[PDB]
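Pasted below: structure14.txt, compact mmCIF, C-alpha atoms.
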```txt
# COMPACT_ATOMS: atom_id res chain seq x y z
CA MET A 1 -2.34 17.38 31.03
CA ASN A 2 -5.36 16.00 29.20
CA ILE A 3 -6.17 14.99 25.61
CA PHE A 4 -7.46 18.42 24.60
CA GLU A 5 -4.38 20.28 25.85
CA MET A 6 -2.16 17.67 24.21
CA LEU A 7 -3.90 18.05 20.86
CA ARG A 8 -3.90 21.83 21.16
CA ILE A 9 -0.09 21.57 21.47
CA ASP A 10 0.30 19.37 18.39
CA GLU A 11 -2.33 21.05 16.10
CA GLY A 12 -2.20 24.67 16.92
CA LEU A 13 -5.20 26.95 16.54
CA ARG A 14 -5.91 28.95 13.37
CA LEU A 15 -9.10 31.02 13.07
CA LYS A 16 -8.77 31.18 9.28
CA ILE A 17 -8.57 28.52 6.49
CA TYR A 18 -5.14 27.30 6.18
CA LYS A 19 -3.25 24.68 4.48
CA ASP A 20 -2.12 21.76 6.40
CA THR A 21 1.33 20.17 6.32
CA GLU A 22 0.00 17.80 3.67
CA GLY A 23 -1.44 20.46 1.46
CA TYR A 24 -4.98 20.31 2.77
CA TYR A 25 -7.67 22.81 3.62
CA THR A 26 -7.89 22.83 7.47
CA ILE A 27 -9.41 25.11 10.13
CA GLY A 28 -9.19 25.71 14.01
CA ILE A 29 -7.53 22.87 15.86
CA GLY A 30 -6.52 20.41 13.13
CA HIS A 31 -10.07 20.27 11.58
CA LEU A 32 -9.67 19.04 7.99
CA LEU A 33 -12.20 20.49 5.66
CA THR A 34 -11.37 18.93 2.29
CA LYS A 35 -8.57 17.06 0.53
CA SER A 36 -9.61 18.86 -2.61
CA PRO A 37 -7.81 21.74 -4.31
CA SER A 38 -10.60 24.20 -4.32
CA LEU A 39 -10.50 27.01 -1.76
CA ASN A 40 -14.11 27.28 -2.72
CA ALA A 41 -14.84 23.63 -1.96
CA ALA A 42 -13.14 24.26 1.45
CA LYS A 43 -15.20 27.44 2.02
CA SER A 44 -18.33 25.46 1.43
CA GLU A 45 -17.46 22.61 3.72
CA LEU A 46 -16.75 25.23 6.18
CA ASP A 47 -20.17 26.92 6.11
CA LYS A 48 -21.87 23.56 6.25
CA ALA A 49 -19.75 22.43 9.22
CA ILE A 50 -20.63 25.74 11.11
CA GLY A 51 -24.16 26.47 9.93
CA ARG A 52 -23.39 29.95 8.82
CA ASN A 53 -21.66 31.90 6.06
CA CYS A 54 -18.12 32.11 7.35
CA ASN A 55 -16.17 33.28 4.43
CA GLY A 56 -13.10 31.36 5.77
CA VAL A 57 -13.27 32.70 9.18
CA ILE A 58 -14.38 31.44 12.53
CA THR A 59 -14.39 32.49 16.16
CA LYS A 60 -12.61 30.56 19.01
CA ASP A 61 -15.85 29.34 20.25
CA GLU A 62 -16.52 27.75 16.95
CA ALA A 63 -13.07 26.13 16.66
CA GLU A 64 -13.53 24.70 20.11
CA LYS A 65 -17.03 23.37 19.25
CA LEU A 66 -15.44 21.64 16.23
CA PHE A 67 -12.66 20.30 18.43
CA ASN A 68 -15.12 18.91 20.95
CA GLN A 69 -16.79 17.01 18.10
CA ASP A 70 -13.51 15.71 16.68
CA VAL A 71 -12.12 14.28 19.92
CA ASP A 72 -15.59 12.81 20.62
CA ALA A 73 -15.70 11.23 17.23
CA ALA A 74 -12.07 9.99 17.65
CA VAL A 75 -12.77 8.16 20.91
CA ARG A 76 -16.16 6.60 19.75
CA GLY A 77 -14.40 5.55 16.58
CA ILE A 78 -11.68 3.64 18.44
CA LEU A 79 -14.41 1.98 20.64
CA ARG A 80 -16.37 0.85 17.67
CA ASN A 81 -13.34 -0.38 15.81
CA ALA A 82 -12.56 -4.03 16.07
CA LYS A 83 -8.78 -3.60 15.79
CA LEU A 84 -8.62 -0.53 17.85
CA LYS A 85 -10.85 -1.31 20.78
CA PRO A 86 -8.85 -4.16 22.27
CA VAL A 87 -5.59 -2.15 22.06
CA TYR A 88 -7.30 0.74 23.77
CA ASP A 89 -8.84 -1.44 26.56
CA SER A 90 -5.44 -2.89 27.17
CA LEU A 91 -3.66 0.43 27.80
CA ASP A 92 -3.11 2.69 30.80
CA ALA A 93 -4.58 6.15 30.72
CA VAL A 94 -1.70 8.18 29.21
CA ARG A 95 -1.04 5.70 26.50
CA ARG A 96 -4.75 5.92 25.74
CA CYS A 97 -4.37 9.63 24.99
CA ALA A 98 -1.48 8.79 22.55
CA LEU A 99 -3.64 6.34 20.52
CA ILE A 100 -6.33 8.96 20.58
CA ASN A 101 -3.92 11.58 19.31
CA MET A 102 -2.92 9.37 16.33
CA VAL A 103 -6.48 8.46 15.50
CA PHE A 104 -7.39 12.09 15.54
CA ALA A 105 -4.52 12.92 13.19
CA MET A 106 -4.73 10.11 10.73
CA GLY A 107 -8.13 8.56 11.11
CA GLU A 108 -9.17 5.14 12.33
CA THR A 109 -8.27 3.50 9.11
CA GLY A 110 -4.84 4.87 8.97
CA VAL A 111 -4.14 3.83 12.54
CA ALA A 112 -5.44 0.32 12.21
CA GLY A 113 -3.05 -0.07 9.30
CA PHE A 114 -0.26 -0.06 11.95
CA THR A 115 -0.81 -3.71 12.47
CA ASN A 116 2.60 -4.58 13.84
CA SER A 117 2.92 -1.64 16.17
CA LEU A 118 -0.62 -2.28 17.58
CA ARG A 119 0.38 -5.84 18.40
CA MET A 120 3.49 -4.59 20.35
CA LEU A 121 1.45 -2.06 22.17
CA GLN A 122 -0.94 -4.74 23.24
CA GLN A 123 1.97 -6.92 24.37
CA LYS A 124 3.30 -3.91 26.35
CA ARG A 125 6.54 -4.05 24.42
CA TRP A 126 7.23 -0.32 24.77
CA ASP A 127 10.68 0.12 23.26
CA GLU A 128 9.96 -2.16 20.28
CA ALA A 129 6.77 -0.36 19.45
CA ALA A 130 8.49 2.98 19.59
CA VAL A 131 10.98 1.87 16.95
CA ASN A 132 8.31 0.27 14.70
CA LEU A 133 6.13 3.45 14.84
CA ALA A 134 9.21 5.59 13.72
CA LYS A 135 9.26 3.60 10.50
CA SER A 136 6.41 5.32 8.93
CA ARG A 137 5.62 7.94 6.39
CA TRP A 138 3.95 9.81 9.36
CA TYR A 139 7.19 9.94 11.31
CA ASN A 140 9.08 11.08 8.24
CA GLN A 141 6.64 13.90 7.36
CA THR A 142 6.07 15.34 10.83
CA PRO A 143 8.99 14.17 12.95
CA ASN A 144 8.61 16.46 15.99
CA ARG A 145 4.94 15.74 16.69
CA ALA A 146 5.30 12.04 15.77
CA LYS A 147 8.22 11.93 18.20
CA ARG A 148 6.19 13.43 21.07
CA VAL A 149 3.49 10.73 20.48
CA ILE A 150 5.98 7.92 20.28
CA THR A 151 7.59 9.13 23.51
CA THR A 152 4.20 9.19 25.13
CA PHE A 153 3.82 5.47 24.13
CA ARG A 154 7.38 4.40 25.12
CA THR A 155 7.14 6.02 28.58
CA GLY A 156 3.48 6.36 29.69
CA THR A 157 4.35 9.85 30.92
CA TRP A 158 3.56 13.40 29.66
CA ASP A 159 7.27 14.23 29.46
CA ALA A 160 7.35 15.11 25.75
CA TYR A 161 4.73 17.76 26.48
CA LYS A 162 6.38 19.26 29.41
CA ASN A 163 8.42 22.01 27.75
CA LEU A 164 5.64 23.26 25.55
```
Represent the structure of the file as structure tokens.
Amino acid sequence: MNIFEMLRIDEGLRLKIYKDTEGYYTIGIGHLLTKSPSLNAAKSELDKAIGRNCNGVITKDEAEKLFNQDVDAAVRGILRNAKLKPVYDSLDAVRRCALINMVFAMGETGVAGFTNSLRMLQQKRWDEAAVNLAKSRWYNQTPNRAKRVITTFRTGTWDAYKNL
């Protein structure tokens, strides 16, 4: 298992504009277009992100191009971030994927807000961090995916992804 397969599990793939859990205009593999209410705003973001008139629809190839960008931006973001970087450098490879998954889902800013959990992760306090992370709006809104991520952090194994 790798980060792309892991995110493909958690995000799904939709070749047409769709509304996210949160109510937002999203496309392909978890690619947020706009937080705004207009399906037209979303269709515009969409043509600009692709470079063609899409009319709400993309090909696999395109969704995967988008996804390559996203993951890439997620990892460079972490590495550039002063809170994030040191946590990342301190973790083993699987746990790294887990931080990357979160950052991808809720942006750098959101993640770095998890001040206490980040500190436990850095201290390698696995169980404690798992509990702290569960006490979030994120956990409450998308319990099954948040649980898979937390498990990934608690264990350092791909277990949570091995039934999917």
Worksheet entry | Computed interatomic separation between CA of residue 22 in chain A and CA of residue 154 in chain A (Å) | 26.3 Å
Worksheet item: Hey, can you check how far CA of residue 135 in chain A sits from CA of residue 115 in chain A?
Response: 12.6 Å
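Between CA of residue 39 in chain A and CA of residue 60 in chain A there is a distance of 21.2 Å.
Minimum atom-to-atom distances from A:4, A:158, A:139, A:126 to residue 64 in chain A were compared using all atoms listed in the file, and the lowest value belongs to A:4.
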Item to complete: Can you pull out every residue within 10 Å of range 88-105 of chain A, counting only C-alpha atoms, but drop anything in the same chain fewer than 4 positions away, and send it as a PyMOL selection string?
Response: chain A and resi 1-4+6-7+10-11+30-32+70-75+77-79+83-84+109-112+118+121-124+138+146+148-158
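Candidate residues A:59, A:163, A:36, A:53 were compared for distance to residue 16 in chain A, and the nearest is A:59, using only C-alpha atoms.
If all atoms listed in the file are the atoms counted, then among A:134, A:41, A:33, A:120 the closest residue to residue 18 in chain A is A:33.
Between residue 143 in chain A and the candidates A:63, A:76, A:21, A:159, the tightest atom-to-atom separation, counting all atoms listed in the file, involves A:21.
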Worksheet entry | Exercise: residues within 8 Å of coordinate (-6.2, 23.7, 2.9), counting all atoms listed in the file, as a PyMOL selection string | chain A and resi 17-20+23-26+32-35+37+39+42
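Minimum atom-to-atom distances from A:28, A:45, A:86, A:40 to residue 65 in chain A were compared using all atoms listed in the file, and the lowest value belongs to A:28.
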Item to complete: Point out the residue among A:108, A:162, A:128, A:145 with the least atom-to-atom distance to residue 12 in chain A, counting only C-alpha atoms.
Response: A:145
Missing atoms of range 28-63 of chain A rebuilt to N, CA and C atoms, written as a JSON list (two decimals), keeping the file's coordinate frame:
```json
[["chain", "number", "residue", "atom", "x", "y", "z"],
["A", 28, "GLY", "N", -9.21, 25.78, 12.52],
["A", 28, "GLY", "CA", -9.19, 25.71, 14.01],
["A", 28, "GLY", "C", -8.09, 24.84, 14.55],
["A", 29, "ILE", "N", -8.48, 23.82, 15.30],
["A", 29, "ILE", "CA", -7.53, 22.87, 15.86],
["A", 29, "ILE", "C", -7.47, 21.57, 15.06],
["A", 30, "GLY", "N", -6.71, 21.59, 13.97],
["A", 30, "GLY", "CA", -6.52, 20.41, 13.13],
["A", 30, "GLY", "C", -7.77, 19.87, 12.41],
["A", 31, "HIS", "N", -8.83, 20.70, 12.23],
["A", 31, "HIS", "CA", -10.07, 20.27, 11.58],
["A", 31, "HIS", "C", -10.01, 20.32, 10.06],
["A", 32, "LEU", "N", -9.75, 19.18, 9.43],
["A", 32, "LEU", "CA", -9.67, 19.04, 7.99],
["A", 32, "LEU", "C", -10.99, 19.31, 7.32],
["A", 33, "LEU", "N", -10.97, 20.21, 6.36],
["A", 33, "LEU", "CA", -12.20, 20.49, 5.66],
["A", 33, "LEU", "C", -12.30, 19.61, 4.43],
["A", 34, "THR", "N", -11.33, 19.71, 3.52],
["A", 34, "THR", "CA", -11.37, 18.93, 2.29],
["A", 34, "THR", "C", -9.97, 18.61, 1.85],
["A", 35, "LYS", "N", -9.84, 17.51, 1.09],
["A", 35, "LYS", "CA", -8.57, 17.06, 0.53],
["A", 35, "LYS", "C", -8.40, 17.62, -0.85],
["A", 36, "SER", "N", -9.50, 18.21, -1.32],
["A", 36, "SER", "CA", -9.61, 18.86, -2.61],
["A", 36, "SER", "C", -8.94, 20.23, -2.67],
["A", 37, "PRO", "N", -8.50, 20.53, -3.91],
["A", 37, "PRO", "CA", -7.81, 21.74, -4.31],
["A", 37, "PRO", "C", -8.61, 23.03, -4.28],
["A", 38, "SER", "N", -9.91, 22.94, -4.25],
["A", 38, "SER", "CA", -10.60, 24.20, -4.32],
["A", 38, "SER", "C", -10.83, 24.99, -3.04],
["A", 39, "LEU", "N", -10.26, 26.19, -2.93],
["A", 39, "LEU", "CA", -10.50, 27.01, -1.76],
["A", 39, "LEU", "C", -12.00, 27.26, -1.66],
["A", 40, "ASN", "N", -12.68, 27.08, -2.79],
["A", 40, "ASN", "CA", -14.11, 27.28, -2.72],
["A", 40, "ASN", "C", -14.78, 26.04, -2.14],
["A", 41, "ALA", "N", -14.30, 24.85, -2.54],
["A", 41, "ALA", "CA", -14.84, 23.63, -1.96],
["A", 41, "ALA", "C", -14.68, 23.78, -0.43],
["A", 42, "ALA", "N", -13.45, 23.95, 0.04],
["A", 42, "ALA", "CA", -13.14, 24.26, 1.45],
["A", 42, "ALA", "C", -14.06, 25.36, 2.05],
["A", 43, "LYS", "N", -14.31, 26.47, 1.37],
["A", 43, "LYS", "CA", -15.20, 27.44, 2.02],
["A", 43, "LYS", "C", -16.63, 26.93, 2.16],
["A", 44, "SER", "N", -16.97, 25.95, 1.35],
["A", 44, "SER", "CA", -18.33, 25.46, 1.43],
["A", 44, "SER", "C", -18.52, 24.46, 2.57],
["A", 45, "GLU", "N", -17.52, 23.63, 2.71],
["A", 45, "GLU", "CA", -17.46, 22.61, 3.72],
["A", 45, "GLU", "C", -17.54, 23.34, 5.04],
["A", 46, "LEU", "N", -16.80, 24.41, 5.03],
["A", 46, "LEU", "CA", -16.75, 25.23, 6.18],
["A", 46, "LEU", "C", -18.10, 25.84, 6.61],
["A", 47, "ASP", "N", -18.90, 26.33, 5.69],
["A", 47, "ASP", "CA", -20.17, 26.92, 6.11],
["A", 47, "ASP", "C", -21.14, 25.85, 6.60],
["A", 48, "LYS", "N", -21.06, 24.70, 5.94],
["A", 48, "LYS", "CA", -21.87, 23.56, 6.25],
["A", 48, "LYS", "C", -21.47, 23.00, 7.64],
["A", 49, "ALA", "N", -20.16, 22.86, 7.90],
["A", 49, "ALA", "CA", -19.75, 22.43, 9.22],
["A", 49, "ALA", "C", -20.19, 23.41, 10.33],
["A", 50, "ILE", "N", -20.26, 24.73, 10.07],
["A", 50, "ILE", "CA", -20.63, 25.74, 11.11],
["A", 50, "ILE", "C", -22.11, 26.11, 11.12],
["A", 51, "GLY", "N", -22.74, 26.13, 9.96],
["A", 51, "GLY", "CA", -24.16, 26.47, 9.93],
["A", 51, "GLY", "C", -24.39, 27.93, 9.68],
["A", 52, "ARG", "N", -23.35, 28.56, 9.16],
["A", 52, "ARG", "CA", -23.39, 29.95, 8.82],
["A", 52, "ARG", "C", -22.37, 30.25, 7.73],
["A", 53, "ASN", "N", -22.58, 31.38, 7.07],
["A", 53, "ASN", "CA", -21.66, 31.90, 6.06],
["A", 53, "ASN", "C", -20.44, 32.41, 6.76],
["A", 54, "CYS", "N", -19.31, 31.74, 6.61],
["A", 54, "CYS", "CA", -18.12, 32.11, 7.35],
["A", 54, "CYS", "C", -17.10, 32.85, 6.56],
["A", 55, "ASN", "N", -17.13, 32.64, 5.27],
["A", 55, "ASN", "CA", -16.17, 33.28, 4.43],
["A", 55, "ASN", "C", -14.73, 32.98, 4.84],
["A", 56, "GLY", "N", -14.46, 31.78, 5.38],
["A", 56, "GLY", "CA", -13.10, 31.36, 5.77],
["A", 56, "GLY", "C", -12.73, 31.78, 7.19],
["A", 57, "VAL", "N", -13.69, 32.27, 7.90],
["A", 57, "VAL", "CA", -13.27, 32.70, 9.18],
["A", 57, "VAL", "C", -14.20, 32.30, 10.29],
["A", 58, "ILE", "N", -13.61, 31.82, 11.37],
["A", 58, "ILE", "CA", -14.38, 31.44, 12.53],
["A", 58, "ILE", "C", -13.81, 32.06, 13.79],
["A", 59, "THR", "N", -14.66, 32.05, 14.81],
["A", 59, "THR", "CA", -14.39, 32.49, 16.16],
["A", 59, "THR", "C", -13.82, 31.29, 16.97],
["A", 60, "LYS", "N", -13.21, 31.56, 18.12],
["A", 60, "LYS", "CA", -12.61, 30.56, 19.01],
["A", 60, "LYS", "C", -13.61, 29.51, 19.38],
["A", 61, "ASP", "N", -14.72, 30.07, 19.81],
["A", 61, "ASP", "CA", -15.85, 29.34, 20.25],
["A", 61, "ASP", "C", -16.24, 28.29, 19.29],
["A", 62, "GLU", "N", -16.14, 28.64, 18.02],
["A", 62, "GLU", "CA", -16.52, 27.75, 16.95],
["A", 62, "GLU", "C", -15.53, 26.64, 16.73],
["A", 63, "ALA", "N", -14.23, 27.00, 16.83],
["A", 63, "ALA", "CA", -13.07, 26.13, 16.66],
["A", 63, "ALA", "C", -13.02, 25.08, 17.77]]
```
